[PDB]
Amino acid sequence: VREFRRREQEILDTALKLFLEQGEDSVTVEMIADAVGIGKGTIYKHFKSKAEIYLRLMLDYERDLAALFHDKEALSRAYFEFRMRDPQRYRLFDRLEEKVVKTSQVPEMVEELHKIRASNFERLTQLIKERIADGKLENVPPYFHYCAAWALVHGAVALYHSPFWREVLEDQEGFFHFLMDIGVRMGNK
């Protein structure tokens, strides 16, 4: 029943933690089975392969993003918070783009991923257009704002994996909120 959920989200949450601690190529399905305490027979009733776990973790990420779009300033801020919390996951997903998404594996899930990604792209573009029409954002093509936000998030994720960040940068949580302020205010009219 609802108990199917406990397992599912337990394989999901275990797999991801495993993937980020030890690299995803090293993590096999038996390992996620032992870590949660079950056999790979029971793994298969939930996820027929690790690629289904890969895709489900990405589909769940896009679904949480979509939930966010359901105060435009507070929304723009909560979008940068969501994109920039957890840089490790963002990098895992960037890698899975070439390892799983751009292949013939789990094609029904990959097809749904494209659909929710195109839909999320449209929603954030609409937020940009409304902030433009509200006079907050500069009246340039919306992909100016879209690609600027893409660059800022991408470079912030890269920054979090750097020796400067983990050894010289002091107040990491204060900097995090500074990054998000910078995100809300960029391109402002």
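Numbers follow the displayed sequence, beginning with 1.
Asker: Count, per the entry, the deposited residues between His70 and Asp71 that are not modelled, and return the matching class: none, 1 to 3, 4 to 9, or 10 or more.
Answerer: The entry has 4 to 9 unmodelled residues between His70 and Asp71.
Asker: Return whichever of 143-151 and 49-57 has the greater mean Cα B factor according to the PDB record.
Answerer: Higher mean C-alpha B-factor in the PDB entry: 49-57.
Asker: Tell me which stretch, 111-119 or 94-102, has the higher mean Cα B-factor listed in the entry.
Answerer: Taking the mean C-alpha B-factor of 94-102 and of 111-119, the larger value falls to 94-102.
Asker: Checking the entry, which one of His161, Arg63, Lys40, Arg131 has the top C-alpha B factor?
Answerer: Within the set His161, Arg63, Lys40, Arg131, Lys40 shows the top C-alpha B-factor.
Asker: In terms of the chain's CA B-factor thirds, is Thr125 lowest, middle or highest?
Answerer: According to the entry, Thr125 has a C-alpha B-factor in the chain's lowest third.
Asker: Looking at the entry's B-factor column for C-alpha atoms only, identify whether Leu137 ranks in the lowest, middle or highest third of its chain.
Answerer: Its C-alpha B-factor, which the entry lists for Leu137, ranks in the middle third among residues of this chain.
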